[PDB]
Amino acid sequence: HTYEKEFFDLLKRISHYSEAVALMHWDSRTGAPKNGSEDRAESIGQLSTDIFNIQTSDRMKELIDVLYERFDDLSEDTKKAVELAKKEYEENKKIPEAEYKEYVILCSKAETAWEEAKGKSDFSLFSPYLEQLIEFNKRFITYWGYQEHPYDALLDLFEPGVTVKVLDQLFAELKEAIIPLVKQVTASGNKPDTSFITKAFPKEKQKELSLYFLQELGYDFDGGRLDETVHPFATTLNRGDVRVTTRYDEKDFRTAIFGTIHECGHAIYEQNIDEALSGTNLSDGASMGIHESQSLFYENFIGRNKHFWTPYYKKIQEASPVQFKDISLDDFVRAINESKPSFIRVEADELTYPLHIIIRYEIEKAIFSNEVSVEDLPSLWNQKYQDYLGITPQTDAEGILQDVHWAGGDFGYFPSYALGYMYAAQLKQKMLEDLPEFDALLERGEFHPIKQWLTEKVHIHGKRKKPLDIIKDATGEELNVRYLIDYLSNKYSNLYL
Amino acid sequence: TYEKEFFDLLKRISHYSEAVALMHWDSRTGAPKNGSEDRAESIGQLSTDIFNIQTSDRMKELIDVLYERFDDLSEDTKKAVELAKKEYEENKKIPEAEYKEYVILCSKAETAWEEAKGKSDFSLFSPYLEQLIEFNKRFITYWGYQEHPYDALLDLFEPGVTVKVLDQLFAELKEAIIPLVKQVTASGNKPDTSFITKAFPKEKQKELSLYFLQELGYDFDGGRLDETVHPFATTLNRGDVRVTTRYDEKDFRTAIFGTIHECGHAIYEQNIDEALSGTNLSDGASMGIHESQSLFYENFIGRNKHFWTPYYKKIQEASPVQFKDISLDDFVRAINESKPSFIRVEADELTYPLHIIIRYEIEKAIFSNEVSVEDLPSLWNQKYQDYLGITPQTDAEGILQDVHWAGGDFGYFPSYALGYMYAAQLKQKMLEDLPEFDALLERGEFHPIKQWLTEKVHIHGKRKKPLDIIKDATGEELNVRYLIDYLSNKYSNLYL
Ligand SMILES: [Cl-]
Ligand SMILES: [Cl-]
Ligand SMILES: [Cl-]
Ligand SMILES: [Cl-]
Ligand SMILES: [Cl-]
Ligand SMILES: [Cl-]
Ligand SMILES: [Cl-]
Ligand SMILES: [F-]
Ligand SMILES: [Zn+2]
Ligand SMILES: [Zn+2]
Ligand SMILES: [Zn+2]
Ligand SMILES: [Zn+2]
Ligand SMILES: [Zn+2]
Ligand SMILES: [Zn+2]
Ligand SMILES: [Zn+2]
């Protein structure tokens, strides 16, 4: 089919602009000289609008139309690809190209601005951009339109189907189960010694471990690389180039470990999406939610599984000797999985983690129903952390400025971490049927069985299935919170109670 | 509105260049080998994207409309359009589909080249060197030429330079160098060069390179230093000119002169009139003029023994065991040693030109179809014997030595000699306004020298042509005499 090839040719063209775009973003987070900032933001905006144009072009629209009528004579991937392109057409089409362009430029600038604001713990430096980033999104919500809550317009950008109504009901149950559970954890003298955790752990050695764990867990270094960054992230330049980045803290080796493993999650996913889909519309994660189910599956359902540490603790002890000298493997894991309310989401424990997502969800729900101004955000932010965690951020760096998501314009994203955590919980239990020897594998430092399970259930499909079908097909039951609640509940009732 | 729409196309090209530059730089500093293929494609798409703007019909329309209206355009705009017209006319002779696959080939070929050099295996790079040469022979056809077919490629870098010109030009060089080296190779004055090949800790070298970069004027808020196989300097945008180097713990010289050399390109790129930023004119006047700046920094500063007066203290403290009880005097005497060798990039001042000539003739033979790919390693090793009296034992130190070809840079090499000549001329003339030059180096005060180079060379960007740059700066067109005298004198006082 000629029209088909002209269609995929265009996507593959977009594919290349994407690599250039992702590299520029990655380069900006790994050393790009500040003097080049302005032109760098300009170029990212140009190549982004290029992609935008190829997707909003009359020709693209004609190719879609034609291919829809001949829908039956086409293969599965082609059908899904055109339906996907059709939505992206109708969707972008609602936005003035001149606006998308300056927005993209603003994001590139806002993020560099943000990186500085956070490093200095300066809200006022970021504030100006935050106001615009939002002002743009409010406007975009108008252009796309919505059915219930205007915030759904943004939620739909990451989890098609997830609405404010659906989330309220679900975050309700999480509160109902986590908060009281976290109170019990707080009301006990079972607090495990964690003194050895906050000691000095030489950076150079943490770097060795992160690289090591990556190799161990299955991250392909021939198709990736590890580098340092203020805020860890994983990006896909092209199917053969999926990079991850982490952050080291000599007073908490944990941050790098779980951050690296977290990112390793996304990477593994990306490094296993069917190669046939490469260069196309469907070579991407099913949704942030399903993507986060992979990062969280690795970080939490492996990295935070005590058997995962049996074989590796020997190394950790040798990397920073004086610190873990005479610390029991048993004490070590108990120290790692210490649950207690803290300020940083990225570094929070498994039990208190969901609350962070909830806090962000609600603040955003407010920002887009015009209930809060940029000026009162820090105050609103701090209040929520008190309501759900009983602690109040004292600095901007550990407060509102903590995450990069807003700086990049990613509003409506955060809830996907919650969902992702739920998906991970559900995938984990169902995986036990096929791999009962799970904990045994971790102790043997054997991860291909687990990885393979995920590749066939999630990875490989890429965007050939939607989240709903991904989970129903893998566990044979739609997304159900009970699993996460049971996992968490059962796990933190034994460590403390 | 025409002039505006015109510069708007140029700025549009400028952002594609950053993207391309970055993709290139990234592929030389870490990019995963599995994204190798698609990386080539993206460079190709983005490169062809720039090509299409320069060859578009609307661009040609804007070109003509501004020419009619010429006399009313500004000096910058005039030159901007003259350049746009040259590239339009030049690129229009090449089939788009072909430039695209050619760009993709260079990207893939350079990747294959890094590996071939690493494994010292020519067979791995041969399949590519075959295609690169083919495309270009074919390009000579499209562009056309007058005297020698190689003239079409030489024109890509040094407009106005031809085989006739270079033959005569190099002829005088061989004549002055060859006998001069015999002498140096024939004297019991061989400076002691034992402490050089000692072990110099890589991590320490890196500190020095960063130190010298700061000293010589490189702006780190506008750039960065990173490692690579083959050092180079690139401009992503006016405020992002990066430089790379290569550390050898068994000869610190490689990283030092390598960095300072790249610093030259950078100090230049970082001083082109900002007004030309985002345009057609914000670049080097030509490869020769660029190599004139890198070579001025590398040789006329780095190799002027006075340069080491203020820094020799640091070199000793970085690797104390190595330079323990070695006189500053003996140091500079060893640094500027002159013995025939295999690697151009590391070759000494006296023998450097011979390396360029060897490549000049080889390339000349290549495009006049007087040699096949299969026979190049042979011919190459022969010339290295013909001019240096030594034969490469591995293709790594032989024909795989430099990257240029893998990158599709044929007709580029001569520009190093022209730059070296330009440097020699700029130098002697600079002595007129700066006699205390050697005094400045002893104090490590370079601002006087940089500012001179900036007013005479950098600031202009592409506003002036090389012929214009040199005439305006020295008062006379280019002249080999300055380089011959400089080398003649300098290396006669060392050994003879
Ligand atoms: Cl990021
Ligand atoms: Cl981002
Ligand atoms: Cl194994
Ligand atoms: Cl290169
Ligand atoms: Cl002296
Ligand atoms: Cl190159
Ligand atoms: Cl002197
Ligand atoms: F890098
Ligand atoms: Zn994540
Ligand atoms: Zn970002
Ligand atoms: Zn295995
Ligand atoms: Zn150079
Ligand atoms: Zn002297
Ligand atoms: Zn290159
Ligand atoms: Zn002197």
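Regarding how it was determined, this PDB entry cites X-ray crystallography in its header, along with a resolution of 2.9 Å.

Naming follows the PDB entry, where chain B appears as Bacillus subtilis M32 carboxypeptidase of Bacillus subtilis. The title attached to this entry in the PDB is "BsuCP Crystal Structure". Reading the Subunit entry of the UniProt record for chain B gives the comment "Homodimer."

As annotated in the PDB entry, chain A carries the name Bacillus subtilis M32 carboxypeptidase and comes from Bacillus subtilis. The record in UniProt for chain A states the following under Subunit: "Homodimer."

A.B. asks: Explain the interface of chain B and chain A to me, using residue names and the numbers behind them.
C.D. replies: Interfaces are frequently sized by the accessible area removed from exposure as the parts join. Each side of the interface is counted separately: chain B has 36 residues, and chain A has 35 residues. With both chains or domains summed, chain B and chain A bury close to 2800 Å², and 45% of this area falls on carbon and sulfur atoms. Looking at the side of chain B facing chain A, the largest losses of area belong to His15(B), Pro32(B) and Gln45(B), adding up to 20% of the total buried there. In this structure, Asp27(A) and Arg242(B) form a salt bridge, with 2.7 Å as the shortest nitrogen-oxygen distance.

A.B. asks: Give a detailed account of the UniProt feature "active site" in chain A, specifying residues and quantitative values.
C.D. replies: All names here are of chain A. In the numbering used here, UniProt assigns the feature "active site" to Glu 263. Taking relative accessible area as the criterion, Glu 263 reaches 7% and is therefore assigned buried. Residues within four places of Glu 263 in sequence aside, it is in contact with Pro 232, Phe 233, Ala 234, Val 244 and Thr 245.

A.B. asks: Quick one: what's the story with the pattern of salt bridges, residue by residue and with numbers?
C.D. replies: Opposite charge on two side chains permits pairing when their charged atoms draw close. All names here are of chain B. Under the counting rule described, the total for this entry stands at 81 salt bridges over all chains. Salt-bridge contacts for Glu 337 lead to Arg 253; the nearest nitrogen and oxygen are separated by 3.7 Å. Within this pair, whereas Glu 337 is found in the loop between helix 13 (328-335) and helix 14 (352-367), its partner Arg 253 is found in helix 10 (residues 253-269), the two being separated by 84 residues in sequence. The class of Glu 337 is buried, set by a relative accessible area of 11%. Put simply, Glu 349 and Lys 490 hold a salt bridge, and the shortest N to O gap is 3.1 Å. One end of the pair, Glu 349, is in the loop between helix 13 and helix 14; the other, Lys 490, is in helix 20 (residues 480-494), and 141 residues separate them in sequence. A residue is classified by how much of its surface remains accessible, and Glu 349, at 1% relative accessible area, is buried.

Cut-offs applied
Residues numbered from 1 in each chain as written, not as in the entry; some residues may be left out. Chains lettered and ligands numbered in written order. Heavy atoms only, no water. UniProt positions renumbered as here; feature names shortened; annotations may be inferred. Contact = heavy atoms within 4.5 Å. Buried area = accessible area lost by both parts, 1.4 Å probe. Salt bridge = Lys/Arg side-chain N within 4 Å of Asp/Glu carboxyl O. Buried < 20%, exposed > 50% of the residue type's maximum accessible area, 1.4 Å probe, protein only. Helix = DSSP H or I, 4+ residues; strand = E, 2+ residues; numbered from the N terminus.

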